[PDB]
Amino acid sequence: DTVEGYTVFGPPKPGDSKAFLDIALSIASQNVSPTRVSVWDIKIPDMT
């Protein structure tokens, strides 16, 4: 530990949000992102 074990970096402080990274990675799932109808094709509704 004396030579190899010691590192400048310490344990994360509370509220750091780093402790939740790799819990977010497991949660993370890719989104399909489907194709929508182009805004130029939707007709604006007539409220008159």
# chains A, B, ... in the order shown; residues from 1 in each chain; ligands from 1
call {"tool": "select_by_dssp", "arguments": {"residues": "chain A", "states": "alpha helix (DSSP H)", "output": "PyMOL selection string"}}
result
chain A and resi 24-27
